[PDB]
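First comes the structure, then the notes that go with it.
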Amino acid sequence: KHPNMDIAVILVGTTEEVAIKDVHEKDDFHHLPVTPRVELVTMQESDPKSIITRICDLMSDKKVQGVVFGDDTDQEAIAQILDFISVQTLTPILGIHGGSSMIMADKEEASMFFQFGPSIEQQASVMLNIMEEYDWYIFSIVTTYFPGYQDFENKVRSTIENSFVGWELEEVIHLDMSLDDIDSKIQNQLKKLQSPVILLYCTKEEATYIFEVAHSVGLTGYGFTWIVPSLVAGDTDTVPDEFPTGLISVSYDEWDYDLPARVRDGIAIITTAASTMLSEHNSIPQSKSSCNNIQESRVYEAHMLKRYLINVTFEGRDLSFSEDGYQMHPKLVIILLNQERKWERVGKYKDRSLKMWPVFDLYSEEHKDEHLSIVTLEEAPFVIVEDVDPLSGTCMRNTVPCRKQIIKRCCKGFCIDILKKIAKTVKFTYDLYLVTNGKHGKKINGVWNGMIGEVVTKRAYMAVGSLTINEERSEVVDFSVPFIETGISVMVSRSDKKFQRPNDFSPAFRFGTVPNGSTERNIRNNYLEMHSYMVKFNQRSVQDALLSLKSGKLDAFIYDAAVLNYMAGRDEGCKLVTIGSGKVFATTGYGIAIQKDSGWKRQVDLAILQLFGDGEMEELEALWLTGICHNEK
Amino acid sequence: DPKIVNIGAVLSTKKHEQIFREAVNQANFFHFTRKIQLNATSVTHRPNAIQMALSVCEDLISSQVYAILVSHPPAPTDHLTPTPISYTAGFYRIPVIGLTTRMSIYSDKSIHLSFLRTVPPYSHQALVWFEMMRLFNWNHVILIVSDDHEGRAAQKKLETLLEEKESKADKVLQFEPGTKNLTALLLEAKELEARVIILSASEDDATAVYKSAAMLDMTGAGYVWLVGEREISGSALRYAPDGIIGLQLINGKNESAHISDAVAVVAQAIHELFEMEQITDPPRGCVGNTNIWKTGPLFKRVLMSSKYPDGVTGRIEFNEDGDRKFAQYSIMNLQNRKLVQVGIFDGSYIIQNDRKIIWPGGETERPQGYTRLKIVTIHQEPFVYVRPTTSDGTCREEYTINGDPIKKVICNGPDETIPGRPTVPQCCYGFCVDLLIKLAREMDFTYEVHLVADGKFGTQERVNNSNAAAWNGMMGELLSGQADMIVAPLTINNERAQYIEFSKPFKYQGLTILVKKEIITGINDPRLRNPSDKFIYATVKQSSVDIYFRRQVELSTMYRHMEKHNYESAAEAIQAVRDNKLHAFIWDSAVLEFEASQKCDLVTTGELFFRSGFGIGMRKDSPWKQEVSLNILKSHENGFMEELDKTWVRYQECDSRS
C-alpha cells in the first residue's frame with residue numbers, strides 16, 4: 001500500500017569538509033503518491049574509481065531507483081563517468097551543478113542521463129542572439145575535437161542559414177588537443193583568421209592553451225572579441241587570467257537559485273516521474289541497485305520511465321528535457337569577464353527570448369573614419385555656380401563653398417541639395433571644389449580626363465554633378481543608383497534615318513551636340529556617320545548651343561534629357577519643346593562616382609532612395625526642375 | 001640506475017599474459033637496460049565492464065602504466081567489450097592499444113582520444129573495394145549498410161574515397177539492425193541500374209540479408225557481391241550465396257603476434273620518448289588524481305609516428321585516427337559452398353592468387369556490371385494539354401490540322417476537380433511531348449511522365465533547417481529527384497542556372513503584353529511608368545517574371561505595382577483580359593502568341609524583352625543532358641522545331657489590327 005521510493009544524492013566539494021548534510025529532502029509537495037526515502041553521502045575530490053566504487057557501494061542491496069550528482073568541480077569528464085554507470089545500471093542519474101551540468105558526448109539512447117546545463121544547440125543559439133544584438137554580423141569558429149563538435153557546427157549552420165541578414169562565416173577550425181604540439185600548429189592556423197568575432201569551443205583546460213597561444217598570436221586584442229559556451233566558464237569560481245578580458249560567455253546563475261534549491265528540483269523530477277509512471281501503470285519503480293551482478297529483471301522495462309521523465313513540471317516550473325538529456329530551456333545568464341577577475345553578469349535569457357542590459361560600445365570616430373573631398377562642375381541648369389556677395393565675404397543660405405584652381409565660387413543647386421541631404425543622413429563631412437581639366441570626364445587616346453581623373457588620382461573620393469552613366473565609367477568606378485529619369489534627347493521649334501543621313505534630304509539638315517560628352521562618345525561608338533557629320537555642328541556651350549537653335553542657323557539641338565526638359569519648361573518664350581513625349585532612347589539617370597569595390601558604397605544607395613522614400617524629391621523637382629512652359633499641357 | 005617503466009594489459013588468458021611478459025622481456029633485453037627497463041602487468045577479462053574499469057584504476061594504474069593493451073574476450077559480450085578502457089585510460093590520456101578490436105566506433109578521436117590499434121577497422125576494408133572497383137572498372141555499384149556508427153562510417157569512408165573521383169553515390173541503402181525481413185528495400189535496389197552490390201552488416205543481419213536477397217534472386221549472375229569479414233563468417237556463412245567476394249584480415253584471430261609487435265612498437269616509442277625531456281610519470285593510482293597526464297598525448301604522438309616497419313604482423317604505420325595503415329587482407333571466394341583464397345591483398349595493391357575467379361552463378365570468368373526517366377511538367381496551354389483518359393480507355397485519335405493523328409501520353413498530376421486534391425491519372429499531349437518521344441526514338445531512354453503537384457514551375461521560398469524546403473514546384477522535384485528530368489516550357493535564367501544544368505533552348509522567346517485590340521508603347525511603357533489603380537497591369541506571383549522583378553534592382557520600384565492584383569494561373573490571367581477584368585496582361589511570348597492567334601480579340605504588343613529561351617532541366621551531375629543539347633541542336637538544323645511550331649501554332653485567324 002504505502003509506496004516509498006528509494007533515492008540517493010551526493011555533493012562533492014562545497015568548499016567544506018562537513019559539507020552541508022541533508023539540508024533538503026524535507027517533505028514538500030507530500031501529496032505526490034510516492035514519498036521519497038533519501039540517503040545522502042558526500043565525497044571530497046573526484047575520481048573514476050572513487051565515484052564508481054561509492055555509487056555501487058550505495059547500491060548494495062539498498063536498491064536505489066535514482067541518483068542526483070553535484071560537484072564543486074570544474075571538471076568536464078565527470079558527467080560521462082556517471083553516465084557510463086547509468087548505461088550499466090539503467091538507473092536514472094542527473095546532475096545539478098558544475099561538471100555534470102557541463103556538456104558531454106551524445107548520450108546512448110538506451111542509457112539514461114540528464115544534465116541541468118543547457119543544450120549545446122541552445123547555447124549556440126544564445127551566442128547567435130548575442131552577436132545579433134550587437135549586430136556583429138561577421139564571425140569565425142575555433143573548435144576542438146571534444147564531443148559536440150559538428151553538433152555545434154551543424155547547429156550554427158542551421159541557425160545561420162535561416163536568417164535574412166548577410167552574415168559571414170569566415171573559418172571553421174578543428175584541432176586535436178591530442179597529438180599535442182611542438183609545431184604550435186594551433187598558432188599557425190589561428191594566425192590566419194582575420195575575423196572580428198570568434199566563437200570558441202573546447203574543454204575547460206584546452207581554452208587556457210588556446211588562449212595563451214592566441215595571446216602570442218595577438219588575437220585577444222583591440223577590436224576582436226571572443227564568445228564562449230558553458231564549458232569554458234564552468235563553475236566561474238576559478239578563472240586563470242590566461243583568458244583574455246572582455247571574454248563573453250553564457251552560464252547558469254548561482255544567485256537566482258542556490259544549489260540546494262536545484263537539488264530540490266532534481267528530487268522533485270525523480271519523484272514526479274515516479275508519480276506519473278505510477279499513475280500510468282500503478283507500478284513501483286523500485287529496482288535492485290547492485291551493479292556487480294546482472295541488471296535486475298524488469299529493469300529492462302525501465303525504458304518507459306525515460307519516456308515519462310523527459311518533460312516534468314513542479315512549482316510552476318518546467319524541467320522539460322531534450323532527447324540528448326539536457327533540459328529544454330533552463331534560465332540562462334549572459335556573463336562577461338569584468339576587468340580584473342570578476343565574472344559580472346551582462347544579460348538574462350529565457351525560453352524563446354533574450355534580454356541584455358548595456359546599450360552601446362560594450363566593453364577618431366568609433367563608428368567610422370576618414371574625410372572625403374568632392375569635385376563637381378557647373379550645369380547650365382543644375383549645379384549652379386554663383387558669385388558670392390563681396391560685402392558678405394562668404395556664402396549665403398543654401399549655397400555651399402566650392403573652390404576652383406586657376407578664387408572661391410559658391411555652388412548651389414540639385415547636386416548641392418541631394419549631396420546635403422545625403423551628408424545629413426550618413427553623417428559625414430566633405431570638401432567641395434570645382435574641376436579644371438575637361439569638366440565631365442573625357443578620353444583623348446589612352447587617358448581619361450575630368451572629375452573622373454580626380455576620382456582615379458584619388459584627389460576626389462566621389463564625383464557629383466549632372467554626370468551621365470555609361471559602361472566604361474561603371475567599369476572603372478562604382479556608381480550610385482539613378483535619382484532622375486534622363487538621357488539623350490532632342491529639343492526643337494515647331495530612328496527614321498533622317499538623322500542617319502542629311503544628304504538624303506536635298507536641303508541640308510542640321511543637328512549638333514556638345515563635344516567631350518557622354519552623348520558624343522556614345523554616338524561615336526554606335527553611329528559613326530552621325531558623329532563625323534555633326535562635328536561641324538558642335539557648339540561651345542549649352543547657352544551658345546541654344547544661341548544656334550534660338551536665333552536660327554540651326555534646326556535641331558541634342559542634349560541630356562533632364563536639361564532639355566527643364567529648358568523646355570524654362571524659356572523666355574515657349575519657342576522651344578521636346579521631341580515626341582520626350583521619351584528618350586539610351587534611358588539613363590544621373591549617378592555618382594566612388595573609387596572601386598571598396599567604398600561606403602551601399603550605405604550611399606540606401607540614403608538615396610530614402611530621399612524619394614519620404615517624397616522630398618517631388619518637392620525638389622517642383623522647386624528646381626519644374627519649368628513654367630509646357631503650360632498648355 | 002635502472003628505472004622500471006610499467007606497461008599494462010587486459011588479455012584473454014593467463015597463457016597470453018605469459019606471452020605478453022615474454023615479449024616485454026624481449027624488448028628489455030634488446031634495448032638499453034642501463035638507462036631504462038620495461039615491466040609488464042596484465043589481467044584477464046572481467047565479466048562486466050565495471051569490474052574491469054575498477055581493475056584498470058586499481059590493479060593497473062596503481063602500477064603507473066605508461067600504456068595499456070586490450071584484446072577481445074573469449075566469448076564476445078554485445079560488442080566493443082573493450083569500450084570501457086578507452087574511456088578509463090582516456091581520462092588520464094593514457095594511450096590504449098587494442099589487438100582484436102576491429103570495431104569502427106573507436107575511429108572517432110573525439111569520443112576515444114587515446115585509442116590506437118594494430119588492426120584497421122571494418123570501415124577501412126573499403127580501401128580494398130575501391131581498389132577492387134578500380135581494377136574491374138565498375139564505377140556503378142550499390143551499397144547496403146546497417147544503420148549504426150559502423151555502417152555509416154563504412155559509407156563515409158567509401159564515399160570519401162569516391163570524392164577524389166567524381167563523387168559516386170550510384171545508390172546507397174540503409175536498413176536498421178535486427179530486422180528479419182528486408183524485402184522491400186531490395187525491391188527498390190533492383191530498379192537501380194547498377195548491378196554490383198557491396199554490403200556491411202552483422203552476422204545475424206547478414207543472414208537476413210542473404211535470406212531476403214535469395215528470394216528476389218539477386219544472388220544470380222550479372223550481379224556481384226562484395227562484403228566484410230563479418231558477413232562471410234558465422235551463421236551468415238551458412239545462408240551465404242555462391243560466387244560472393246569476401247574479405248578476411250590477416251592475423252585477426254591471433255592476439256599474440258599483435259602482442260609481440262605492439263609491445264615492440266611500445267618499446268620503440270618509449271625509447272624514442274625518453275630522448276625527450278620534461279617527461280612526467282603517469283599518475284600513481286586512480287585515487288586522489290583529478291588531473292590528466294601531460295605526457296600522454298605526446299606518447300600518443302610519437303607512438304602514432306613510430307615506424308619500425310619490420311614486424312611479425314606486417315608493415316606498421318598509423319593513420320590520423322590512430323587506426324592502423326597498410327594492413328593486409330586475404331580475399332575469399334565461396335566456390336562449391338566453401339571458402340577459398342582467390343587472391344590476397346597486401347599494401348595498397350591487390351595480389352592475385354593462382355586460383356580461378358568465381359562470380360555468382362556459373363562463370364568461368366564473368367566480370368559483368370551496370371533505365372527509366374521520371375518526367376515532370378506544368379499545365380501550360382500551348383506546349384502541354386490535359387484531358388483525362390476516357391474511363392479506362394486511353395487517348396483520343398484526334399488529328400492535327402495537317403492530317404496527322406495526335407500523339408499522347410499518360411501523366412499523373414494535380415486535379416482541382418475533386419474538392420480535395422488527389423494526384424490524378426490523366427492524359428497529356430504536347431509539343432514538348434512530341435519532342436520528348438522524338439528524343440526517345442533518338443535516345444536509348446524510356447519515359448514515364450507525371451505533372452508536378454504544384455501548379456508553379458518553381459520559386460525559392462520558406463525558411464530553412466535540417467530538412468530544407470527549397471524552391472516550390474517541379475524544379476524542386478528535379479533537385480529532390482521526384483523527376484530526374486523536366487520537360488516543360490521553362491525560361492532559362494542564371495539564378496536557377498547555378499543549381500542545375502540546362503539544355504540548349506528548343507525555343508527563343510521574350511516577355512510581352514496582351515491587351516484587347518478592339519476599339520503599350522514599349523517594354524518600358526510610360527503607361528506602366530504612369531501606373532494607375534484605374535489601369536491594371538496583371539501577372540502571376542511566383543511566375544519567373546516575378547523573379548525578374550525581385551532580382552533586378554534597376555526596375556525594383558516597378559515590381560510592386562505589378563505585384564498588386566496577381567493571378568494564380570495562366571488561364572485565369574488570359575481570362576481577366578478576355579473578361580476585361582484587367583486591362584493588360586504580362587507574360588512570355590511563347591505561351592502568349594499562340595493565344596493571340598487563338599482569339600484575335602486580344603493582341604500582343606511591343607518588342608519581346610527579357611529575351612530568353614525555353615529548355616529542358618537536368619542536374620549538372622547527369623551526363624544525359626550532354627546528349628540532350630546535342631540532340632536539341634540536331635533537331636534545330638533539320639527544321640523539326642520549325643514544323644512543330646508550325647503545327648502547334650495555328651496562325652489561322654488574326655492580323656495587325658490598326
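Naming scheme: A, B, ... for chains in displayed order of the C-alpha cells; residues 1 onward per chain; ligands 1 onward as shown.
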
### Query
When the cut-off is 6 Å and we count only C-alpha atoms, which residues of chain A are near chain B, given as a PyMOL selection string?
chain A and resi 145-147+158+162+178-180

With C-alpha atoms retained, write the just-selected residues as an mmCIF file, in the first residue's frame.
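Everything below was put into selection.cif:
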data_model
loop_
_atom_site.group_PDB
_atom_site.id
_atom_site.type_symbol
_atom_site.label_atom_id
_atom_site.label_comp_id
_atom_site.auth_asym_id
_atom_site.auth_seq_id
_atom_site.Cartn_x
_atom_site.Cartn_y
_atom_site.Cartn_z
ATOM 1 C CA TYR A 145 37.879 17.646 -31.239
ATOM 2 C CA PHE A 146 35.977 17.491 -27.952
ATOM 3 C CA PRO A 147 32.471 15.962 -28.195
ATOM 4 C CA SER A 158 21.103 25.739 -39.206
ATOM 5 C CA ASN A 162 17.586 30.814 -41.845
ATOM 6 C CA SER A 178 45.750 15.021 -28.625
ATOM 7 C CA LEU A 179 48.969 14.825 -30.603
ATOM 8 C CA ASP A 180 49.939 17.849 -28.516
#

#### Entry: All helix (DSSP H, G or I) positions in segment 118-255 of chain B, as a PyMOL selection string
chain B and resi 123-136+149-164+183-191+203-215+229-232+235-239

### Message
With only C-alpha atoms as the counted atoms, please give the residues lying no more than 12 Å from residue 560 of chain A, apart from itself and same-chain residues fewer than 2 positions off, as an MDAnalysis selection string.
### Response
chainID A and resid 379:382 466:469 484:491 513:514 517:520 542 557:558 562:568 578 582:590

#### Entry: Given only C-alpha atoms as the counted atoms, nearest of B:404, B:588, B:434, B:546 to residue 490 of chain B
B:588

### Task
Fewer than 5 positions away in the same chain doesn't count, so skip those; otherwise give me all residues within 10 Å of segment 235-237 of chain A, counting only C-alpha atoms, as a list in words.
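Surrounding residues, per the criterion: residues 71, 72, 73, 74, 75, 97, 98, 99, 101, 102, 230, 251, 252, 253, 254, 335, 337, 341, 342 and 343 of chain A.
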
Only N, CA, C and O atoms, please: the residues just picked out, written as an mmCIF file, in the first residue's frame.
data_model
loop_
_atom_site.group_PDB
_atom_site.id
_atom_site.type_symbol
_atom_site.label_atom_id
_atom_site.label_comp_id
_atom_site.auth_asym_id
_atom_site.auth_seq_id
_atom_site.Cartn_x
_atom_site.Cartn_y
_atom_site.Cartn_z
ATOM 1 N N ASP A 71 28.614 18.783 -7.746
ATOM 2 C CA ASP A 71 30.046 18.943 -7.589
ATOM 3 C C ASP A 71 30.444 20.402 -7.420
ATOM 4 O O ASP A 71 29.728 21.299 -7.865
ATOM 5 N N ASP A 72 31.577 20.635 -6.770
ATOM 6 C CA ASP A 72 32.153 21.974 -6.726
ATOM 7 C C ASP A 72 33.111 22.149 -7.896
ATOM 8 O O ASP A 72 33.628 23.239 -8.144
ATOM 9 N N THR A 73 33.333 21.052 -8.611
ATOM 10 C CA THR A 73 34.422 20.934 -9.575
ATOM 11 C C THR A 73 34.137 21.563 -10.936
ATOM 12 O O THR A 73 32.986 21.702 -11.352
ATOM 13 N N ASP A 74 35.215 21.929 -11.623
ATOM 14 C CA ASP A 74 35.144 22.483 -12.965
ATOM 15 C C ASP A 74 35.276 21.392 -14.031
ATOM 16 O O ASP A 74 35.235 21.673 -15.228
ATOM 17 N N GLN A 75 35.432 20.151 -13.584
ATOM 18 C CA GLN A 75 35.785 19.042 -14.469
ATOM 19 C C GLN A 75 34.712 18.649 -15.483
ATOM 20 O O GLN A 75 33.576 18.368 -15.132
ATOM 21 N N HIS A 97 24.934 20.827 -11.104
ATOM 22 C CA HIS A 97 25.922 21.891 -10.988
ATOM 23 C C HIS A 97 27.218 21.445 -11.633
ATOM 24 O O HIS A 97 27.422 20.253 -11.848
ATOM 25 N N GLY A 98 28.072 22.400 -11.982
ATOM 26 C CA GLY A 98 29.441 22.100 -12.348
ATOM 27 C C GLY A 98 29.601 21.196 -13.555
ATOM 28 O O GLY A 98 28.918 21.346 -14.566
ATOM 29 N N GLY A 99 30.520 20.246 -13.423
ATOM 30 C CA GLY A 99 30.890 19.349 -14.499
ATOM 31 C C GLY A 99 29.797 18.436 -15.015
ATOM 32 O O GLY A 99 29.702 18.191 -16.213
ATOM 33 N N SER A 101 26.727 19.078 -15.023
ATOM 34 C CA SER A 101 25.952 20.036 -15.797
ATOM 35 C C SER A 101 26.658 20.416 -17.097
ATOM 36 O O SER A 101 26.022 20.802 -18.074
ATOM 37 N N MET A 102 27.981 20.280 -17.110
ATOM 38 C CA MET A 102 28.763 20.605 -18.294
ATOM 39 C C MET A 102 28.446 19.580 -19.379
ATOM 40 O O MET A 102 28.172 18.422 -19.076
ATOM 41 N N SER A 230 29.221 27.170 -22.253
ATOM 42 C CA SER A 230 29.179 26.943 -20.818
ATOM 43 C C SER A 230 30.486 26.350 -20.312
ATOM 44 O O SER A 230 30.962 26.709 -19.237
ATOM 45 N N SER A 251 26.319 31.279 -18.837
ATOM 46 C CA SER A 251 26.316 30.213 -17.833
ATOM 47 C C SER A 251 25.066 30.270 -16.948
ATOM 48 O O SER A 251 24.333 31.268 -16.955
ATOM 49 N N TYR A 252 24.803 29.175 -16.236
ATOM 50 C CA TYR A 252 23.705 29.131 -15.274
ATOM 51 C C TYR A 252 24.005 29.969 -14.024
ATOM 52 O O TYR A 252 25.138 29.960 -13.540
ATOM 53 N N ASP A 253 23.014 30.682 -13.490
ATOM 54 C CA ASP A 253 23.290 31.552 -12.343
ATOM 55 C C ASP A 253 23.171 30.899 -10.958
ATOM 56 O O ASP A 253 22.174 30.237 -10.655
ATOM 57 N N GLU A 254 24.183 31.101 -10.124
ATOM 58 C CA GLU A 254 24.162 30.646 -8.739
ATOM 59 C C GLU A 254 23.204 31.480 -7.880
ATOM 60 O O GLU A 254 22.513 30.958 -7.005
ATOM 61 N N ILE A 335 27.101 36.437 -19.394
ATOM 62 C CA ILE A 335 28.132 36.859 -18.469
ATOM 63 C C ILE A 335 29.350 37.313 -19.249
ATOM 64 O O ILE A 335 29.594 36.857 -20.364
ATOM 65 N N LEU A 337 33.636 38.828 -18.604
ATOM 66 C CA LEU A 337 34.692 38.959 -17.623
ATOM 67 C C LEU A 337 34.895 40.437 -17.400
ATOM 68 O O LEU A 337 35.466 41.126 -18.245
ATOM 69 N N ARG A 341 39.417 40.032 -12.264
ATOM 70 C CA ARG A 341 38.986 38.631 -12.267
ATOM 71 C C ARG A 341 37.473 38.431 -12.193
ATOM 72 O O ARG A 341 36.995 37.299 -12.104
ATOM 73 N N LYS A 342 36.726 39.524 -12.221
ATOM 74 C CA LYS A 342 35.289 39.449 -11.984
ATOM 75 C C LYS A 342 34.540 38.748 -13.110
ATOM 76 O O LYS A 342 34.798 38.994 -14.290
ATOM 77 N N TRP A 343 33.605 37.875 -12.744
ATOM 78 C CA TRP A 343 32.615 37.449 -13.714
ATOM 79 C C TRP A 343 31.385 38.248 -13.351
ATOM 80 O O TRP A 343 30.742 37.996 -12.331
#

### Nearest residue to residue 68 of chain A from the set A:93, A:305, A:594, A:579 (distances using only C-alpha atoms)
A:93

### Task
Mind giving me the straight-line distance from atom CA of residue 374 of chain A to atom CA of residue 432 of chain A in Å, one decimal?
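Between atom CA of residue 374 of chain A and atom CA of residue 432 of chain A the gap works out to 4.8 Å.
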
What's around segment 341-354 of chain B at 6 Å? Count only C-alpha atoms, leave out sequence neighbours fewer than 5 positions away in its own chain, and write the answer as a CSV table (one decimal) with N, CA, C and O atoms, in the first residue's frame.
chain,number,residue,atom,x,y,z
B,326,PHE,N,48.1,0.3,-44.0
B,326,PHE,CA,48.8,-0.7,-44.8
B,326,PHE,C,48.7,-2.1,-44.3
B,326,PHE,O,49.6,-2.9,-44.4
B,328,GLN,N,47.1,-6.0,-44.3
B,328,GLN,CA,46.8,-6.9,-45.3
B,328,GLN,C,45.6,-7.8,-45.1
B,328,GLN,O,45.4,-8.4,-44.0
B,329,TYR,N,44.7,-7.9,-46.1
B,329,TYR,CA,43.6,-8.8,-46.1
B,329,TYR,C,43.7,-9.9,-47.1
B,329,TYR,O,44.4,-9.8,-48.1
B,330,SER,N,43.0,-11.1,-46.9
B,330,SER,CA,43.0,-12.2,-47.8
B,330,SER,C,41.6,-12.3,-48.4
B,330,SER,O,40.6,-12.5,-47.7
B,331,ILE,N,41.5,-12.1,-49.7
B,331,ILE,CA,40.2,-12.2,-50.4
B,331,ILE,C,39.8,-13.6,-50.4
B,331,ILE,O,40.6,-14.5,-50.5
B,332,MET,N,38.5,-13.9,-50.3
B,332,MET,CA,37.9,-15.2,-50.1
B,332,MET,C,36.8,-15.4,-51.1
B,332,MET,O,36.0,-14.4,-51.4

### Query
What is the atom CA of residue 451 of chain A to atom CA of residue 437 of chain A distance in Å?
8.1 Å

### Message
Show me, as a list in words, the residues that have an atom within 9 Å of residue 573 of chain A when counting only C-alpha atoms, minus same-chain residues fewer than 3 positions from it.
### Response
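My list of contacting residues is residues 570, 576 and 629 of chain A.
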
Write the residues of the selection above to a file with N, CA, C and O atoms, as a short mmCIF file (atom, residue, chain, number, x, y, z; two decimals), in the first residue's frame.
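Wrote again.cif, looks like this:
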data_model
loop_
_atom_site.label_atom_id
_atom_site.label_comp_id
_atom_site.auth_asym_id
_atom_site.auth_seq_id
_atom_site.Cartn_x
_atom_site.Cartn_y
_atom_site.Cartn_z
N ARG A 570 11.54 75.98 -68.97
CA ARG A 570 12.03 77.35 -68.81
C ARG A 570 12.60 77.93 -70.09
O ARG A 570 13.69 77.56 -70.53
N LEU A 576 10.63 76.79 -77.54
CA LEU A 576 11.33 75.50 -77.60
C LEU A 576 10.58 74.36 -76.91
O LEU A 576 9.96 74.55 -75.86
N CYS A 629 6.86 76.67 -68.74
CA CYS A 629 6.37 76.30 -70.08
C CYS A 629 5.75 74.91 -70.00
O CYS A 629 5.68 74.36 -68.90
#

### Task
Using atom CA of residue 197 of chain B and atom CA of residue 360 of chain B as the two end points, give the distance in Å to one decimal.
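Rounded to one decimal, the two atoms are 11.8 Å apart.
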
Which residues come within 12 Å of residue 188 of chain A, counting only C-alpha atoms, excluding same-chain residues fewer than 2 positions away, as a tab-separated table (two decimals) with N, CA and C atoms, in the first residue's frame?
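selection33.tsv, written as the output of this step:
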chain	number	residue	atom	x	y	z
A	173	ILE	N	37.68	25.87	-37.57
A	173	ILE	CA	38.93	25.16	-37.32
A	173	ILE	C	38.77	24.00	-36.34
A	175	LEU	N	41.05	21.29	-34.34
A	175	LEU	CA	42.40	20.92	-33.94
A	175	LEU	C	42.38	19.90	-32.81
A	181	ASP	N	51.22	19.69	-29.43
A	181	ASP	CA	52.04	20.26	-30.48
A	181	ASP	C	53.38	20.85	-30.03
A	182	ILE	N	54.43	20.46	-30.75
A	182	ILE	CA	55.68	21.20	-30.79
A	182	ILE	C	55.54	22.29	-31.85
A	183	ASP	N	54.71	21.99	-32.84
A	183	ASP	CA	54.55	22.81	-34.03
A	183	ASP	C	53.83	24.13	-33.74
A	184	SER	N	53.15	24.19	-32.60
A	184	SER	CA	52.25	25.31	-32.32
A	184	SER	C	51.34	25.38	-33.54
A	185	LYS	N	50.89	24.22	-33.99
A	185	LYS	CA	50.05	24.12	-35.19
A	185	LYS	C	48.81	24.97	-35.03
A	186	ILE	N	48.32	25.02	-33.80
A	186	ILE	CA	47.21	25.89	-33.47
A	186	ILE	C	47.62	27.35	-33.66
A	190	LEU	N	45.59	29.65	-36.24
A	190	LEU	CA	44.91	30.76	-35.59
A	190	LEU	C	45.43	32.07	-36.14
A	191	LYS	N	46.72	32.10	-36.47
A	191	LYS	CA	47.33	33.32	-37.01
A	191	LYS	C	46.63	33.75	-38.27
A	192	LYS	N	46.10	32.79	-39.05
A	192	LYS	CA	45.46	33.09	-40.33
A	192	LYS	C	44.19	33.96	-40.22
A	193	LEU	N	43.30	33.64	-39.29
A	193	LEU	CA	41.96	34.25	-39.28
A	193	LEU	C	41.95	35.76	-39.02
A	210	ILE	N	44.77	27.34	-25.79
A	210	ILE	CA	44.36	28.07	-26.97
A	210	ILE	C	44.49	29.57	-26.74
A	213	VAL	N	48.19	30.77	-26.59
A	213	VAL	CA	48.60	30.79	-27.99
A	213	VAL	C	48.01	31.99	-28.74
A	214	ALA	N	46.77	32.34	-28.43
A	214	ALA	CA	46.12	33.50	-29.04
A	214	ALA	C	46.82	34.78	-28.59
A	216	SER	N	49.95	34.98	-27.84
A	216	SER	CA	51.15	35.03	-28.67
A	216	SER	C	50.82	35.53	-30.08
A	217	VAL	N	49.72	35.04	-30.63
A	217	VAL	CA	49.28	35.37	-31.99
A	217	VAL	C	48.81	36.82	-32.10

#### Entry: Residue nearest residue 516 of chain B - candidates B:595, B:637, B:563, B:277, atoms counted: only C-alpha atoms
B:595

#### Entry: Nearest to residue 234 of chain A, chosen from A:324, A:205, A:151, A:108, with only C-alpha atoms counted in the distances
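For residue 234 of chain A, the nearest of the given residues is A:205.
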
### Query
So which one's closest to residue 194 of chain B, B:96, B:172, B:633, B:213? Using only C-alpha atoms, please.
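Ranked by minimum distance to residue 194 of chain B, first place goes to B:172.
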